[PDB]
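Asker:
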Amino acid sequence: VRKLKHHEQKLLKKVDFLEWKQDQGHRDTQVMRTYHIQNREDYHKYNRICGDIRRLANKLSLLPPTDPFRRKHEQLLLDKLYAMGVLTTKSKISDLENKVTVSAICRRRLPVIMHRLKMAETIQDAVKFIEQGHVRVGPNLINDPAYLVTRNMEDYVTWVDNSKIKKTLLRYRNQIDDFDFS
Amino acid sequence: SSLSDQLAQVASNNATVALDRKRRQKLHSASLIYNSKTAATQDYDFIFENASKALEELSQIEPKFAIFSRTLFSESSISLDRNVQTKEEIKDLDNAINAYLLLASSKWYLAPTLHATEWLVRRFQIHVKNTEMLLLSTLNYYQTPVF
Amino acid sequence: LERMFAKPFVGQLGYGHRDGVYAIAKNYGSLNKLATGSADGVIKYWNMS
Amino acid sequence: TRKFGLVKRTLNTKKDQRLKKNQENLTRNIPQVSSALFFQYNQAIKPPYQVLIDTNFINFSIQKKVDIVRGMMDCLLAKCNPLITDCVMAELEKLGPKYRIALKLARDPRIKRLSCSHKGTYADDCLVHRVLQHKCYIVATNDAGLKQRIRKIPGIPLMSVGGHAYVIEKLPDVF
Amino acid sequence: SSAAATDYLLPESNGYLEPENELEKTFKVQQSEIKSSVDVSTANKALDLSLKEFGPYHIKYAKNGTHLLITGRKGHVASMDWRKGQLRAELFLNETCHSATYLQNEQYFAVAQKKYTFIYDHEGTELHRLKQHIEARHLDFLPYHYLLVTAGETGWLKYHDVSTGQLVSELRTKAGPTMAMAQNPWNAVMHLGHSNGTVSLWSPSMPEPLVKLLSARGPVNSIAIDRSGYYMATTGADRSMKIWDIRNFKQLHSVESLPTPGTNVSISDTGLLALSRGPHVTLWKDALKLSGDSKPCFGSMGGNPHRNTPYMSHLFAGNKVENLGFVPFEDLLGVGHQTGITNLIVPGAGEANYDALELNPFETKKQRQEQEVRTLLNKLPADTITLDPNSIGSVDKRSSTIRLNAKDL
RNA sequence: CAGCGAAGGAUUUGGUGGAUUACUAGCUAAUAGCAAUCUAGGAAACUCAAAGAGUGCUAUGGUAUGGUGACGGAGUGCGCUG
Ligand SMILES: [Zn+2]
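Going down the list, the sequences are from chains 5F, AE, 5I, 5K and 5C. Quick note: the first sequence, position 89, residue 90 per PDB author numbering, numbers continuous. Quick note: the second sequence, position 95, residue 96 per PDB author numbering, numbers continuous. Quick note: the third sequence, position 23, residue 72 per PDB author numbering, numbers continuous. Read in order, the letters of the fourth sequence are residues 7 to 31, 40 to 189 in PDB author numbering. Quick note: the fifth sequence, position 252, residue 309 per PDB author numbering, numbers continuous.
Following this line, the structure appears as structure tokens:
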């Protein structure tokens with residue numbers, strides 16, 4: 002706040018207005034600057050989900066390795082976390098503490114898969130396009146960036162028709178049909 | 002209306018009050034003789050004494066400035082602050098300023114009137130308070146450096 | 050601030066003696082002059098400035 | 007007529023210079047090899063030599079019963095001027111009251127003494143710096159690390175207590 | 058003696074208004090009549106912002122009167138220099154904000170949002186989201202101790218060190234949500250008012266309240282403390298204003314049966330008492346005194362001189378006022394209400410002679426910087442907060458009052 | 001050019017007013033009073049802030065005026081210096 006003098010650095014050292022202990026290195030701020038999250042509290046409503054799956058994976062580790070309730074529920078949880086694409090494979094239950102990340106559950110969001118399959122070219126312009134209302138997953142339009150997708154719907158992320166940026170890329174490649182109205 | 006609009010209105014009301022040193026410097030460096038770096042370091046006594054000299058010169062040219070030496074250029078007016086008295090005292094001294102300006106509108110080709118109305122610019126802030134009468138009085142001189 | 054500003058050692062003077070200083074005398078009229086003598090019989094007069 | 011993708015402004019730890027880890031907002043220098051040197055010869059040093067001593071060299075001298083100036087003289091067969099830097103002297107004084115004999119043998123009028131101007135009493139740093147600055151010095155030492163430093167910098171002869179007399183290595187005119 | 062001879066050197070004089078007739082009562086003097094009777098600088102300080110669309114505006118002034126911090130109930134928080142026309146933060150945090158305060162400057166302010174308390178810098182960038190301070194409704198800064206104090210719908214009182222960044226204290230009120238909250242400026246203990254009709258005086262050392270007073274029936278709507286730390290006015294929801302001695306814990310006055318429950322109280326630096334009952338603001342002069350002739354009345358039954366009628370009153374006819382706050386060193390009362398802010402020219406209501414090395418209304422940028430570092434350096438520890446401030450030089454109240462000479466040992 | 005073509009035509013923009021839900025009037029302490037009154041990336045700058053470095057300025061109480069009639073001045077005596 003004043004870049005304190007030396008008898009100043011020594012007399013009080015733990016003073017830091019910018020970064021406290023309970024900031025955890027501002028990882029919420031850092032990852033929402035990374036994946037461009039609109040409002041606050043999305044980080045912590047993902048972190049509650051991460052804590053809940055590691056807690057119930059802990060108590061599924063607690064139960065003895067022979068009963069079908071335990072084994073059916075851990076394979077069901079692993080298949081559902083594969084089916085929403087949080088994972089990339091159906092591997093070990095140790096990946097339910099090494100590989101589940103608030104980062105990866107942000108990786109399944111709609112603007113970042115848009116930047117991933119090059120529909121946009123940056124995540125900021127992806128949020129621009131989907132607040133302007135151009136894209137859809139299957140039939141229905143998507144307005145909010147908080148809609149994360151599942152493993153089936155990374156194939157039907159497409160724009161709507163009459164979206165004029167779709168029309169500009171069609172007339173770029175001059176494959177612009179207009180019987181189909183776009 | 003918006004908050005920034007209402008605050009621009011309160012800034013335009015409080016335009017002349019110096020509320021810290023930086024506003025006082027930006028507001029007192031507005032001279033009609035000197036540049037800003039000299040004008041910010043000058044006092045009220047200095048600019049008053051050479052404006053009183055120039056009013057004696059202007060009064061021996063034209064003898065209707067002596068009553069302005071009685072009221073607007075007296076030594077009680079060194080300590081008279083403009084924005085501390087009420088609306089009735091304000092309208093009294095603003096028709097005093099209007100009287101001086103439409104008397105000295107004719108004299109604007111000779112430097113005693115510049116050094117004399119320097120004190121109205123810097124004490125009574127007539128470039129920002131009594132500004133319509135100042136423009137209307139010196140409108141003739143528009144090809145000249147004083148305008 | 051006193052416990053961090055406590056830097057009391059000014060400096061040793063000269064190169065010392067050869068055999069340990071067993072006698073010292075200031076002169077009570079000049080501020081910076083000091084006579085010191087060691088075990089090997091050498092005495093020295095010092096400007097402490 | 008608002009803007010799109012509106013965010014709450016927070017601080018940027020990567021960018022904001024108000025915090026401490028972001029307070030970090040050409041002319042080369044290749045020092046020429048010395049004109050005192052041939053390839054690795056050091057053609058310029060000539061007797062009377064001057065030899066920088068350090069603390070383990072003094073300790074090994076007293077442990078092997080070699081005189082300093084007479085051991086230097088019958089090692090090099092030349093007139094030697096031995097030099098105790100103030101940091102070597104500080105190190106001998108810091109060695110305690112076990113090493114009183116070594117300290118008051120270093121206190122000798124025949125052993126001249128330099129005046130180092132730095133903080134701390136690291137004699138190996140001081141000897142290495144003042145020898146690679148100037149190349150007019152013999153280094154008398156028995157530290158293995160200091161011996162490796164000195165014999166890696168070129169043109170600097172190295173003297174050491176070996177056996178019952180001093181030996182000299184990188185001085186190519188000893189006989 | 059020499060310290061008391063400084064009252065010659067005091068530059069200014071306090072303001073007043075005096076009736077000069079027996080037909081001329083003082084509570085029936087209109088704000089337009091004040092604005093005509095006083096100078097142009099004070100008439101321009103009597104501002105009025107009409108901010109209609111976001112909610113009732115909680116008002117807050119900096120401890121020198123230079124900056125104003127308003128919060129709409131909906132989302133609109135604006136920190137501004139109310140006496141120039143300079144705003145330096147206008148941020149629309151679209152969740153329901155409740156209260157805000159400055160910390161040690163206009164350079165940082167803390168806002169109490171939907172749940173979490175946030176801390177913003179001078180231009181409005183978010184510095185901190187406090188994961189503790191779960192549901193604040195009342196924030197107040199302790200400037201000599203650098204402590205942000207927080208209470209609200211949880212029954213918890215939290216002291217948070219702003220300089221280090223460290224939550225100093227969490228205290229169970231154990232009395233439900235905190236209905237009112239005020240700070241003693243004298244000794245920095247916190248008077249919280251609960252739904253019992255109980256005020257409790259708290260310090261961040263003791264996990265129990267230092268004192269519990271039974272102020273009102275019902276809940277306690279508002280608390281204000283004098284800056285001398287001697288008197289406390291509490292309004293309950295039982296239509297009862299009560300003036301309390303703080304040091305000896307006597308109850309000085311009990312104005313019962315107000316016409317409608319007093320939603321706010323405030324005490325100026327010169328001891329005025331501003332009560333607000335919805336549309337109405339009513340100020341009494343010399344009401345914080347011991348004698349029964351200083352009990353604040355509403356009329357003088359037949360012209361009794363021994364009845365403290367209102368010093369002045371105003372009616373905000375459209376709305377219901379949200380909070381009250383006197384402007385520190387000026388003669389104004391800023392009341393924040395449903396459609397924004399209104400300053401009232403209250404002539405008796407401010408310390409005319411501030412000290413310019415405690416806190417300066419004309420302070421510059423360099424003076425702000427150096428005063429920030431110096432007060433940060435002499436920050437008082439949170440353990441030194443006691444009910445009396447003069448009890449940290451003394452000896453224990455154990456450890457016998459005669460020192461012992463080892464013969465008697 | 002043709003064509004269209006009534007004391008002119010086109011484009012752009014600032015402000016205000018009315019609608020954007022289905023019209024029972026303002027205030028207050030409200031079965032009434034009042035309403036005259038409740039009271040007895042880039043560009044620009046006399047833009048706004050946040051900080052850093054350097055430079056300038058007698059920047060001068062080593063213990064603050066010659067003096068709370070308790071004081072001052074004059075003179076004398078003691079003291080002091082060469
Ligand atoms: Zn050295």
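Backbone N, C-alpha and C fix where the C-beta goes; we use that ideal spot for every residue, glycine too.
Do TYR159 (chain 5C) and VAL168 (chain 5C) have their C-beta atoms closer together than 8 Å?
Answerer: Taking the first residue of the fifth sequence as position 1, residue 159 (chain 5C) is located at position 102. Taking the first residue of the fifth sequence as position 1, residue 168 (chain 5C) is located at position 111. Their beta carbons are not under 8 Å apart, which means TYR159 (chain 5C) does not touch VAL168 (chain 5C) by this criterion.
Asker: Please return the same chain residues whose Cβ sits closer than 6 Å to the Cβ of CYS107 (chain 5F), not counting the five positions on each side in sequence.
Answerer: The residue given as residue 107 (chain 5F) occupies position 106 in the first sequence. For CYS107 (chain 5F), where only same-chain residues beyond five positions count, the Cβ hits under 6 Å are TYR36.
Asker: By the three-class DSSP mapping on this structure, what secondary structure does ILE68 (chain AE) have?
Answerer: What you label residue 68 (chain AE) is simply residue 67 of the second sequence in a count that begins at 1. Here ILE68 (chain AE) sits in helix by DSSP.
Asker: Decide if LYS436 (chain 5C) is buried, meaning its Cβ has at least 16 other Cβ atoms within 10 Å, or exposed.
Answerer: Residue mapping note: residue 436 (chain 5C) aligns to position 379 of the fifth sequence, counting from 1. When all chains shown are included, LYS436 (chain 5C) counts as buried.
Asker: Along the stretch 5-23 of chain 5F, where does the CB come closer than 9 Å to a CB of chain 5C? Name the residues.
Answerer: Going along the stretch 5-23 of chain 5F in chain order, one finds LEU5, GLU9, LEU12, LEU13, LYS15, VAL16, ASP17, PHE18, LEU19, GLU20, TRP21, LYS22 and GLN23 with a Cβ nearer than 9 Å to chain 5C.
Asker: In the DSSP assignment, find the unbroken beta strand (DSSP E) run with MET247 (chain 5C) in it and report its ends.
Answerer: Here residue 247 (chain 5C) is taken as the residue at index 190 of the fifth sequence, counted from 1. Looking at the DSSP string, the run of the beta strand (DSSP E) that includes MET247 (chain 5C) is 247-250.
Asker: When you check each C-beta in the stretch 118-136 of chain 5F against every C-beta of chain 5K, which residues fall closer than 8 Å?
Answerer: Flagged, chain order: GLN125, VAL128, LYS129, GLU132 and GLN133.
Asker: What is the rounded straight-line gap between the Cα of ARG137 (chain 5F) and the Cα of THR123 (chain 5F)?
Answerer: Residue numbering aside, residue 137 (chain 5F) sits at position 136 when the first sequence is read from its first letter. Residue numbering aside, residue 123 (chain 5F) sits at position 122 when the first sequence is read from its first letter. Answer to the nearest angstrom: the Cα atoms are 18 Å apart.
Asker: Any C-beta of chain AE sitting closer than 8 Å to the C-beta of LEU104 (chain 5C)?
Answerer: What you label residue 104 (chain 5C) is simply residue 47 of the fifth sequence in a count that begins at 1. It does: the Cβ of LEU104 (chain 5C) has a partner Cβ on chain AE nearer than 8 Å.
Asker: Which class does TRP259 (chain 5C) belong to by DSSP, given the choice of helix, strand or coil?
Answerer: Here residue 259 (chain 5C) is taken as the residue at index 202 of the fifth sequence, counted from 1. Note: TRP259 (chain 5C) maps to strand in three-state DSSP.
Asker: Taking only runs of the alpha helix (DSSP H) that begin and end inside the stretch 23-53 of chain AE, which ones reach a length of at least 4 residues, in chain order?
Answerer: With a minimum length of 4 residues, the continuous alpha helix (DSSP H) runs that stay inside the stretch 23-53 of chain AE are 37-40.
Asker: Is any heavy atom in ligand 1 found nearer than 7 Å to the beta carbon of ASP100 (chain 5K)?
Answerer: Here residue 100 (chain 5K) refers to the residue found at position 86 when the fourth sequence is read from its first residue. For ligand 1, at least one heavy atom lies less than 7 Å from the Cβ of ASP100 (chain 5K).
Asker: What is the residue span of the alpha helix (DSSP H) that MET86 (chain 5K) lies within?
Answerer: Position 72 of the fourth sequence, counted from the start, is the residue given in the question as residue 86 (chain 5K). 82-90 is the extent of the alpha helix (DSSP H) around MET86 (chain 5K).
Asker: Assuming contact is defined by CB atoms lying nearer than 8 Å, are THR291 (chain 5C) and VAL256 (chain 5C) in contact in what I supplied?
Answerer: Start at 1 with the first residue of the fifth sequence, and residue 291 (chain 5C) comes out as number 234. Start at 1 with the first residue of the fifth sequence, and residue 256 (chain 5C) comes out as number 199. Result yes, Cβ atoms of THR291 (chain 5C) and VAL256 (chain 5C) sit closer than 8 Å.
Asker: Any chance the stretch 207-218 of chain 5C sits against the stretch 68-87 of chain 5F, with 3 or more Cβ pairs inside 8 Å?
Answerer: No, the stretch 207-218 of chain 5C is not in contact with the stretch 68-87 of chain 5F.
Asker: Along the chain, which unbroken stretches of the alpha helix (DSSP H) at least 4 residues long are found entirely within the stretch 47-88 of chain 5F?
Answerer: Those alpha helix (DSSP H) runs which fall completely within the stretch 47-88 of chain 5F and span 4+ residues are 69-84.
Asker: Counting only the same chain and skipping the five closest in sequence on each side, list residues whose C-beta sits under 6 Å from that of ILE282 (chain 5C).
Answerer: Locating residue 282 (chain 5C) in the fifth sequence gives position 225, counting from the first residue. If we look at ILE282 (chain 5C) and ignore the five residues flanking it on each side, its Cβ neighbours are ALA239, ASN241 and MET289.
Asker: Confirm the yes/no value for this check: CB of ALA413 (chain 5C), any heavy atom of ligand 1, distance under 7 Å.
Answerer: Position 356 of the fifth sequence, counted from the start, is the residue given in the question as residue 413 (chain 5C). No, since every heavy atom of ligand 1 falls outside the 7 Å radius drawn around the Cβ of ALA413 (chain 5C).
Asker: With a threshold of 16 other CB atoms inside 10 Å of the CB of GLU105 (chain 5K), please say whether the residue is buried or exposed.
Answerer: Taking the fourth sequence and counting its residues from 1, one reaches residue 105 (chain 5K) at position 91. So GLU105 (chain 5K) ends up on the buried side.
Asker: Please tell me whether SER220 (chain 5C) and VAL16 (chain 5F) are closer than 8 Å, where the distance is taken between their beta carbons.
Answerer: Locating residue 220 (chain 5C) in the fifth sequence gives position 163, where the first residue counts as 1. Locating residue 16 (chain 5F) in the first sequence gives position 15, where the first residue counts as 1. A contact, by the Cβ cut-off of 8 Å.
Asker: Does the beta-carbon of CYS140 (chain 5K), which I'm using as the reference point, lie nearer than 7 Å to any heavy atom of ligand 1?
Answerer: Here residue 140 (chain 5K) refers to the residue found at position 126 when the fourth sequence is read from its first residue. Indeed, a heavy atom of ligand 1 lies less than 7 Å from the Cβ.
Asker: The alpha helix (DSSP H) spanning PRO112 (chain 5F) covers which residue range?
Answerer: Here residue 112 (chain 5F) refers to the residue found at position 111 when the first sequence is read from its first residue. 111-117 is the span of the alpha helix (DSSP H), which, as asked, contains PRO112 (chain 5F).
Asker: Quick one: what does DSSP say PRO353 (chain 5C) is sitting in, helix, strand or coil?
Answerer: Position 296 of the fifth sequence, counting from 1, holds the residue named residue 353 (chain 5C). Of the three classes helix, strand and coil, the one that applies to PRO353 (chain 5C) here is strand, per DSSP.
Asker: Measure how close the beta-carbons of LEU8 (chain AE) and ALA19 (chain AE) come, nearest whole angstrom, since I'm counting them as under 8 Å.
Answerer: In the second sequence, residue 8 (chain AE) corresponds to position 7, counting from 1. In the second sequence, residue 19 (chain AE) corresponds to position 18, counting from 1. At roughly 18 Å, the Cβ-Cβ gap does not stay under 8 Å, so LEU8 (chain AE) and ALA19 (chain AE) are not in contact.
Asker: Secondary structure at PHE52 (chain 5K), three-state DSSP: helix, strand or coil?
Answerer: One-based indexing of the fourth sequence puts residue 52 (chain 5K) at position 38. In this structure, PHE52 (chain 5K) counts as coil in the three-state DSSP scheme.
Asker: Going by CA-CA distance only, name the one from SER98 (chain 5C), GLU81 (chain 5C) and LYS117 (chain 5C) that's closest to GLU379 (chain 5C).
Answerer: Walking along the fifth sequence from the start, residue 379 (chain 5C) turns up at place 322. That would be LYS117 (chain 5C), whose Cα lies nearest to the Cα of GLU379 (chain 5C).
Asker: Measure from the C-beta of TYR71 (chain 5I) to each C-beta in chain 5K and report whether the shortest distance is under 8 Å.
Answerer: To locate residue 71 (chain 5I), count along the third sequence from 1; it is residue 22. Chain 5K contact via Cβ: absent.
Asker: Please go through the same chain and pick out, in chain order, the residues whose beta-carbon is closer than 7 Å to the beta-carbon of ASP445 (chain 5C), but skip the five residues on each side of it.
Answerer: Here residue 445 (chain 5C) refers to the residue found at position 388 of the fifth sequence. Within the same chain, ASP445 (chain 5C) has close Cβ partners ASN244.
Asker: Taking the alpha-carbon positions, what's the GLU132 (chain 5F) to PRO146 (chain 5F) distance?
Answerer: For the purposes of this step, residue 132 (chain 5F) is identified with residue 131 of the first sequence, where counting begins at 1. For the purposes of this step, residue 146 (chain 5F) is identified with residue 145 of the first sequence, where counting begins at 1. Whole-angstrom Cα-Cα distance: 8 Å.
Asker: Return helix, strand or coil for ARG144 (chain 5K), following the three-state DSSP convention.
Answerer: As a first step, residue 144 (chain 5K) must be located in the fourth sequence, where it is residue number 130. The answer is helix: DSSP assigns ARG144 (chain 5K) an H, G or I state.
Asker: Suppose you measure from the CA of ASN99 (chain 5F) to the CA of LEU19 (chain 5F); what does that come to, to the nearest Å?
Answerer: As a first step, residue 99 (chain 5F) must be located in the first sequence, where it is residue number 98. As a first step, residue 19 (chain 5F) must be located in the first sequence, where it is residue number 18. Straight-line Cα distance between these residues: approximately 30 Å.
Asker: Apply the 10 Å Cβ neighbour rule to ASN96 (chain 5I) and answer buried if 16 or more other Cβ atoms are within range, or exposed otherwise.
Answerer: Against the third sequence, residue 96 (chain 5I) aligns to sequence position 47. Per the 10 Å Cβ criterion, exposed.
Asker: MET85 (chain 5F): which of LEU63 (chain 5F), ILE114 (chain 5F) and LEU61 (chain 5F) sits nearest, CA to CA?
Answerer: Within the first sequence, residue 85 (chain 5F) is the residue found at index 84, counting from 1. With distances taken between Cα atoms, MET85 (chain 5F) lies closest to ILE114 (chain 5F).
Asker: Between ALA135 (chain 5C) and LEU144 (chain 5C), is the Cβ-Cβ spacing less than 8 Å?
Answerer: Numbered from its first residue, the fifth sequence carries residue 135 (chain 5C) at position 78. Numbered from its first residue, the fifth sequence carries residue 144 (chain 5C) at position 87. It is a contact, given that the beta carbons lie within the stated cut-off.
Asker: Would you grab the beta carbon distance between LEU33 (chain AE) and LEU115 (chain AE) for me? Rounded to a whole angstrom, and I think it's under 8 Å.
Answerer: Mapped onto the second sequence, residue 33 (chain AE) falls at position 32. Mapped onto the second sequence, residue 115 (chain AE) falls at position 114. Yes, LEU33 (chain AE) and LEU115 (chain AE) are in contact; Cβ-Cβ is about 6 Å, under 8 Å.
Asker: So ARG3 (chain 5F) contacts chain 5C; which residues on that side make the cut at Cβ distance below 7 Å?
Answerer: By one-based count along the first sequence, residue 3 (chain 5F) stands at place 2. Near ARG3 (chain 5F) (Cβ distances below 7 Å), the residues of chain 5C are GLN426 and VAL430.
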